[PDB]
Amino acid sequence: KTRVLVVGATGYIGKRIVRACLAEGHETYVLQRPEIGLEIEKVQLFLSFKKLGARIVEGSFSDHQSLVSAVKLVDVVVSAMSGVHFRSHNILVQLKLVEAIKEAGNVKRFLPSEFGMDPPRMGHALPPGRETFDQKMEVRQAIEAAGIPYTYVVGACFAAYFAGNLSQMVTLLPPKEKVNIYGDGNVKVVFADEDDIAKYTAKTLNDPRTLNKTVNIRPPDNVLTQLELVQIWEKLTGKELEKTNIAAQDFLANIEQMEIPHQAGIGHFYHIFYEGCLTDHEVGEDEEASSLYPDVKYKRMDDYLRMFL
């Protein structure tokens, strides 16, 4: 039975990872930091984790030995550290965790906070959005310099942020009458339900086939253009939306005058929806999660959109 520590256990994807590790059968440990003692929602999330069988490990990123003590308890460490300018962007805090893992010596595998665009492919990304990928690469460099075995989980847009809203970044809900189509809307994007991402993560973290590999989440039925996604919604509702196409030059106009977190998100969106960075390269079945774990009946985007009806 694999012992797993989740760092970032109350995060958006982190809490789903915790639940998936428990459902998968791992002996699941969660890092409870003292710094969140007055955040009721985080405190009660940890209580709900206990009720499911998780074990609470106290530790703080400002207490190096507490980190060393925590990772000594487990076989596998999964980090779900924050990495969005709109929420918080603390990817480099994981360097402290890498050091602790190096000192401890017992960790068979480390999964850093990846779960998105594939950082080594983003060398030409727009600033400031490119900071996300630069920092994740710095964490990759530290892992590999330390000889820590790893799995990098990448490649799919979170469904809540990109599918549930028909990729309109101004809201998280489907639009009522009008929709913006980015470019011709014929660039393929990868969408995945975050619960499937979590389940794939829990299955891969002790899979010999993905040791020291990048694992892509590219479920075939969820590789869709934005227009195909919109058309699903039109069919489910029986109502055509009024579409306005946004050319690339207009999408990026006056970016320098927007707030940093919005510039970052605009830049990421551009790489995904105008440059097709999630589909602009092939990946083999031995490095794709839905082929690797075919017992995961992943949620397709029509069933995902059905929850908004």
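All residue numbers refer to positions in the sequence shown, first residue = 1. We call the rigid core whatever largest set of C-alpha positions still superposes within 1.5 Å between the two forms.
Visitor: Kindly name the stretch, out of 132-140 and 89-97, whose CA atoms are displaced more from this form in 6 other deposited structures of this protein after the core superposition?
Guide: With the rigid core fitted, 89-97 is the stretch that strays more in 6 other deposited structures of this protein.
Visitor: Would you mind working out which of 277-285 and 251-259 sits farther from this form in 6 other deposited structures of this protein by RMS C-alpha distance, with the rigid core as the fit?
Guide: Taking the RMS over all superposed structures in 6 other deposited structures of this protein, 251-259 lies farther out.
Visitor: Regarding 141-149 and 221-229, which shows the higher C-alpha temperature factor on average in the entry?
Guide: Between 221-229 and 141-149, it is 141-149 that shows the higher mean C-alpha B-factor.
Visitor: If you average the CA temperature factors as listed in the entry, which stretch comes out higher, 292-300 or 13-21?
Guide: Averaged over C-alpha atoms, the B-factors run higher in 292-300.
Visitor: Per the entry, which of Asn165, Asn206, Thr201, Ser113 tops the list for Cα B factor?
Guide: By C-alpha B-factor in the record, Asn206 ranks first.
Visitor: Relative to the other modelled residues of the same chain, rank the CA B-factor of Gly155 and answer lowest, middle or highest third.
Guide: Within its chain, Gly155 is a lowest-third residue by C-alpha B-factor, going by the deposited values.
Visitor: How does the C-alpha B factor of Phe86 compare with the rest of the chain: lowest, middle or highest third?
Guide: Highest third, going by the recorded CA B-factors of the chain.
Visitor: In terms of the CA temperature factor given in the entry, to which third of its chain does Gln249 belong: lowest, middle or highest?
Guide: Highest third.
Visitor: Using the B-factor values recorded in the entry, state whether the Cα atom of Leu38 falls in the lowest, middle or highest third among the modelled residues of its chain.
Guide: According to the entry, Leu38 has a C-alpha B-factor in the chain's highest third.
Visitor: Looking at the entry's B-factor column for C-alpha atoms only, identify whether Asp75 ranks in the lowest, middle or highest third of its chain.
Guide: Answer is middle: the recorded C-alpha B-factor places it there.
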